[PDB]
Amino acid sequence: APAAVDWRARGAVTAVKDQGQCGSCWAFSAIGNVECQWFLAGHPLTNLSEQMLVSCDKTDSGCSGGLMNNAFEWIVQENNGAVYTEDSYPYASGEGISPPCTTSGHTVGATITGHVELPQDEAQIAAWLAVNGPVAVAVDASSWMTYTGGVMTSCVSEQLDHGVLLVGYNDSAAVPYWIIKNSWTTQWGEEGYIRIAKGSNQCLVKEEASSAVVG
Ligand SMILES: *[C@@H](C(=O)O)[C@H](O)C(=O)N[C@H](CCc1ccccc1)C(=O)NCCC(C)C
């Protein structure tokens, strides 16, 4: 609903996690999106497993990287729509390797039926996010190692390299901004979050936005 929406303030977002040394950003973005969409569909907020994707999704490349849209499709097409709880399939890729996939000994925490890819337009992405909840997006994270807090008003925007989760925006602030959940622990940014200026494709935020559909 226009002016400002922060889904963290509506019990919809889980705590900030840590990908460690694994290039598993794609999995953190995809699962963060699924956790928020599951809650918004009328289910308790449950922590879900990134490790399921890193180890079992063979259409992506584990710790070498992947794509959120491929991850969503693997869940539906190969894993019978199941997303395991984080407690039953804990993160094990912190050192930079993906252990072999185990197909049993886990509990289903959520299911999805598909995914939608959103327009490459920030006004349109805010409109969808405002009603339907957090969006999985890709950014150029090149300058993000120097981010110490505040609204980043200028961002290197050359090549997408990092998937993250858009959880809100605020258009009534002095400079309109987006609020993004990252996976580099609470010690980075504003307790694991970053705010970037909205309306000028900062960090190429509008280019690869999508969301899972639970129905
Ligand atoms: C992100 C990170 O851990 O910070 C990963 O390194 C990662 O997933 N990188 C991707 C590039 C390498 C790659 C692409 C496609 C298939 C295999 C490897 C990357 O661009 N991630 C962003 C994903 C968005 C664009 C969907």
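Numbers here are sequence positions counted from 1. Read the numbers this way: they start at 1 and go in the same order the structure lists the ligands and their atoms.
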Using a 3.5 Å cut-off on N/O to N/O, what pairs does ligand 1 make with the protein? A line per pair would be great.
residue, atom, partner, partner atom, Å
ligand 1, 3 (O), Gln19, OE1, 2.8
ligand 1, 3 (O), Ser24, N, 3.4
ligand 1, 3 (O), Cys25, N, 3.2
ligand 1, 4 (O), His162, ND1, 2.8
ligand 1, 8 (O), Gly66, N, 3.2

Worksheet item: Does the salt bridge (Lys or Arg N to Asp or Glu O under 4.0 Å) test come out yes or no for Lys198 and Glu122, once each step is laid out?
Response: CA-CA 7 Å; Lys198 169 170 176 272; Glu122 286 180 273; over 6 Å; no

Fill in: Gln120 side chain to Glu207 backbone, donor-acceptor under 3.5 Å
yes

Worksheet entry | Residues that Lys206 engages under side chain to side chain donor-acceptor pair (under 3.5 Å), provided they are two or more places apart | none

Response to the item:
Sorted by chain and number, sequence neighbours left out, disulfide (SG to SG under 2.5 Å) with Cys22 holds for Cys63

Discussion item. Whether the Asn69 and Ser210 side chains hold a donor-acceptor pair (N or O, under 3.5 Å, no angle test) is what I'd like checked.
Written reply: yes

Practice prompt. Report the hydrophobic cluster partners of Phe28, with the cluster defined as I, L, V, M, F, W, Y residues connected by side-chain heavy atoms closer than 4.5 angstrom, directly or transitively.
Written response: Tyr91

